[PDB]
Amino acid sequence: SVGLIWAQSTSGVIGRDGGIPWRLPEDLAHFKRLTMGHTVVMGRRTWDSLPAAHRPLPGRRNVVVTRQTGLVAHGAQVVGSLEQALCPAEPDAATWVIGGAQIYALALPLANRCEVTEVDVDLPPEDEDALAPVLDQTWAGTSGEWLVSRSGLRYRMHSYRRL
């Protein structure tokens, strides 16, 4: 079972300028709760985007997908394709693909679950933005209530499963 987890603005933006263009502590807490103890698979750009105290993400098996031969990622396992990341020598009951846009597009056909945070922040897309995948009719989901963060942003969590 492979799941995707991401946070997006309502407009679909997930990344800008090498980072995430809002601050939402409640989403980071949700991400920690869903992923702790499990495998997290990410593209190399997302690995390079992690803040220092989160590189590697503590308490998870970190896997980094790159085409670079010989890349060392201290605290993570380096693999050469998403398929390799999903064929571990040591199986894990739960594997989460945690971004970014390039890796989500490769992972979506292989996944059966998506956990999405929607953030009500106005971000007209800009040309180098990383965008969320769009879930088609093969997916169905459920939505939590709109909540207000302690920092003031409206947000809500959606849970999708493959039909």
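From 1 onward, residues are counted along the sequence shown.
Taking the PDB entry as given, 65-73 carries the higher mean Cα B factor of the two stretches 65-73 and 52-60.
Annotation for 119-127 versus 36-44: the higher mean temperature factor (C-alpha) is found in 119-127. When the modelled residues of the chain are ordered by C-alpha B-factor, residue 5 sits in the lowest third. In the PDB entry, a CA B factor belonging to the middle third of its chain's modelled residues is recorded for residue 132.
Annotation for residue 94: CA B-factor lies in the highest third of the chain's modelled residues. The PDB entry assigns residue 108 a C-alpha temperature factor belonging to the middle third of its chain's modelled residues.
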